[PDB]
Each structure stands twice: as C-alpha cells, then as structure tokens.
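Before any comments, here is the structure.
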C-alpha cells in the first residue's frame, strides 16, 4: 500500500536543468527520510542526496555538491531533486528510496521501498524518433518446426524504448535485446520471437514499439520474405 | 569517508549451491549494513537489513551475518530467478556508500545455440541502409564468438553485438550481432555469412544467405 | 483521560489514554494516527524521555498533559 | 546482545548492540534514541572509563551488562 512514483527525467543538454519529483503514497514524507541513488550505465549504485524532512536536514555527495538541491513538499507528499549545471557524467538512472524502520525492533534503518527509476540523459544530441524495420522469417530463420522472426528498432535517441508483440498477446518466447550505442551516436535495438512455422501464413505478428522521449508509437507488421 | 569492498566481483554456481558474498567495511559500521538485489531492468530490492535481519517478502534462503567489519550475504537454495547484482550498503555515516556489486549467474548444463540469420528488409533498403542480424537463441555459457564474413572476406568494424540477461526460467542467454551496411554497399556483394564459435559446438556453424533470394 | 502530542511539523494530536497504558501502547496508538513506527517515536515529557517499558503513571503524567514527538534517524 | 546504560538521574536505557561494536558506535546509538551528542557522553564500566576505539569485548562486556553514563556539561 506504499509506493514511490518518480517523474521529471528525460533528455537535457549539458549545463541544463532538470527537476526530478518523487510522489509518495502510503506514508508521510514529513515523518520519513527520502534519499536519491543513481546508477550510471554499466556502473553500480551511487548515493546522491538525502532529506530528513522532520528536521530539515539535507546531505549531498561531493560529486553533486553545489549543483543539486534536494527539497521536500509536505503538502503534496513529494520529494524533489533540483539538478543544475548537468554534465555528461550525470547520465544515470536516478532512484527514489525511503530510509527508515524496516520491520524488526531495535534494528538499524534501511532503504525498504524504492521508485521505479527515471532516466536522465545528458548530451548535446537532439531527440530522434525510432525507425522500425521488420526481420522477416525466411528459409534461413526456420529450423524445421520453429520459425524466428522479429523487429529491428534502429537509430533512436535517447533511451528507452518498449517493444511488445500483438499488443501484449504474444509474450511467450520473445527476447528483446539491450540497446547498443551505434558508431553514429544513436541507439539500436532488436526484438525477436520464435513462433510455430504452421502459423506464418494464417496468423499475423505485429510488433509494437513505444518511444516516449520522442512521443513516437510504431506498429510494424512482420510477414515472411517474398519476391 | 567509509567505503565498502565486495568480494568476489562475479560468481557462478549451480541450482542448489550455497553462495557467500563478502563485504568488508572501511571503518566500524556496527550493524548498519543492508543487502540489496537488483534484477536486470528493475529497481534494487531490499533483502537483508541491519546486518542480519530478514525483510518481509524475501525468501528465507537469503541470510546476512556480521563479524567485525565484515558482512556476508548467503543464499542456501540458489534458484534461477536469483540472477542479479547484489550490493551491500553502509547506512552509518550520512555519505552513504554501496559495495562494488556482485553479479551472480546460474551454472547450467552446456546448451548449443540455434543460430538464425535475417537479410535486410525491403523497407530498410528504401531508407538507404542495410543491416544483417545474426541471432543466437538460448545457449550457455555466455561466451560466444560471432565472425561476420562477406564473400569469405572477414569484416572488421561495423558490427554491433548485444547479449541479453540470463533467463529467469531456463537460465540461457541470447546474442544479437548486427552487420550495418549501406544500401549500395549491400548491392556490391552476394554472399553474407555468420560464423558462430561456441563451447557446445563441436565445429563452427556457418549460416550464410545469398543477396536477393530467400 | 486524554493527553496532547505535539510534533515538530506543527501537528497536534490529542490521544485518549489511561495512566495504566504503557509507553509502548501510547506509541502504538500514534502510528494508527500518523503511521510513524513505534521504534522511531521518542516521547519527551518535562525534559525527560519516556522509557519503552514503564507506564505514563510512573512519570506522574496527568490529564491535558503535553508530549513532544522526536524521531530517530538510524535505529539500532 | 542487550546492554543497559543508566544515568545519575535514575533512568535506565536499553540498547541492543553487539560484542564487536566500538564505543563510538554505542555513543552514536545513544545520540540516536536519546538526543545527547557524543561529545557530552562518558561511559563508565566497573569504574573504568570507556576509551573510544575499543570493542565491547576488550572490556569483557557480557550481555545485560549495565553501563553508566555521565554528561559533560
């Protein structure tokens, strides 16, 4: 019955500003402690800032001192993180976690609940919409009974994308791969699914691609190769 | 400040093994140490808090322990859904510091990959580019060698590969190797091969197609 | 009888208690109103912190007496 | 283990610590649940003043061992 909902993340040029919010439900921010933890791509968890809203104590890490301002609005039960003068080394998934009592009496406090995480990307490259191309099942992607098909989401910026199949009615045997930063500075993602070969002519397989940073929604139909 | 030092950095044990993770504290932290689990693509979840206390909802096979400035996270029945990265935390002095992390993978019987290949679509050729993707499906271990060949002339560069996380059910991997080429460059060649070298492969499997036919 | 509990954020809650109620019970009656776990609650009365074992009659707390709420930070 | 820390006023304070905790740690726990800063704390055990930087095992502090606290003001 307790959850933390984050917002404010997105794309921003180096030197720009962003304000991450953390909507709280199930508890009172004015009585609990809320911290921020970021995770850079391919790196571990780094503590950012913290608030003890009951007393108004705020603490920061030496890597974000003077640039980040952490605050908490008790009226709307939200903890904010005003990020200023953003650099490239700030690109990470920022998490919102509550720090306090975790269940057993006479025990040290720990971060029990976390937010889903929001992604802050900092670079001078502008936003680019994803172009989705089909991976048509041919005589080379069939091995007797099964037939592998998929979609190729090429050249988009920034992260992330969401690749579904048949609007969610095809979750069995789907392998969506992580994003790769191409040499052209844009990401590329491929999602493939194995389906029975006796279903390529009768059934229809449409991949649903969602890109919120560019407000783009793509639905690409995948059908076998022909002349 | 106070920094944690985890050991080892990566582990691999079969289903049912008992794995321990060492976390050494810089200064004296008392029992103010928590263990967290971060599954791929999800937020870190709290497992063991206050050095050794179990959190509500975490399976009882997870446990923590304290002896001085050293903390051990131990899992009794290692299940396939335990593939994640584990971080010990220091919640004593306010400059909170985490451990370096510990990626734990499931040790499984060797499985050979079923390799597929996809020529570029006509929709992509209209836009001016041509990418050929080689698909390695459901294999173990993670170590795989993909070698693109165009008219038996090996290709260096212009090859982006990506591996997926170990599956929470079958504990297998998947590799996506794409060969990005220009449209006119794609018309200049005829045969496009993908060679796969794997441990569960007695000989390198080569999957090649011819331009324009499928 | 009822006593006042004042917090640092301005919240004033008047909780109906009894002299025989332990301090663990008056803290348990506060989380039902605000959600603060009893381990975080530090009750202050006349410049003295009420221990988790005694009753509020051991401190001679009368009706319409005021308690001050302080929250721990680390626990343990 | 649970140890006790009594003062001169007569209040007893129950702490749940470990035999390997340092004295700066047990002073931090007193600050956390009683508010008094560590600089105003002075721990006495069997007449000997506890020296910051030593574990509770160095003073052979068994469980339920009552400590004494005197303020520095």
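Backbone N, Cα and C define each Cβ position, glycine as well.
Now, the feature entries from Swiss-Prot:
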CROSSLNK  C:6  ubiquitin cross-link
CROSSLNK  C:11  ubiquitin cross-link
CROSSLNK  C:27  ubiquitin cross-link
CROSSLNK  C:29  ubiquitin cross-link
CROSSLNK  C:33  ubiquitin cross-link
CROSSLNK  C:48  ubiquitin cross-link
CROSSLNK  C:63  ubiquitin cross-link
DOMAIN    C:1-76  domain 'Ubiquitin-like 1'
MOD_RES   C:65  phosphoserine
MOD_RES   C:66  (Microbial infection) ADP-ribosylthreonine
MOD_RES   C:76  ADP-ribosylglycine
SITE      C:54  site 'Interacts with activating enzyme'
SITE      C:68  site 'Essential for function'
SITE      C:72  site 'Interacts with activating enzyme'
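Here the features listed in Swiss-Prot are painted onto the structure.
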residue	record	Cβ neighbours (10 Å)
C:27	ubiquitin cross-link	21
C:29	ubiquitin cross-link	15
C:33	ubiquitin cross-link	11
C:54	site 'Interacts with activating enzyme'	14
C:63	ubiquitin cross-link	9
C:65	phosphoserine	17
C:66	(Microbial infection) ADP-ribosylthreonine	14
C:68	site 'Essential for function'	16
C:72	site 'Interacts with activating enzyme'	21
C:76	ADP-ribosylglycine	25
Candidates C:6, C:11, C:33, C:54, C:76 (recorded positions) - the one closest to the residue listed as '(Microbial infection) ADP-ribosylthreonine' by CA:
C:6
Listed recorded positions (C:6, C:54, C:68, C:76) that sit near chain A [CB under 8 A]:
C:76
Would you mind listing, in sequence order, any of the recorded positions C:54, C:63, C:76 that have a CB less than 8 A from a CB of chain B?
C:76
Residue C:68 (site 'Essential for function') - helix vs strand vs coil (DSSP):
strand
Between the recorded sites C:6, C:11, C:48, where is the Cβ count within 10 Å the lowest?
C:48
Can you filter C:48, C:66, C:72 (the recorded positions) down to those whose Cβ is less than 8 Å from some Cβ in chain D?
C:48, C:72
Round to the nearest Å and give the CA-to-CA distance linking residue C:29 (ubiquitin cross-link) with residue C:48 (ubiquitin cross-link).
20
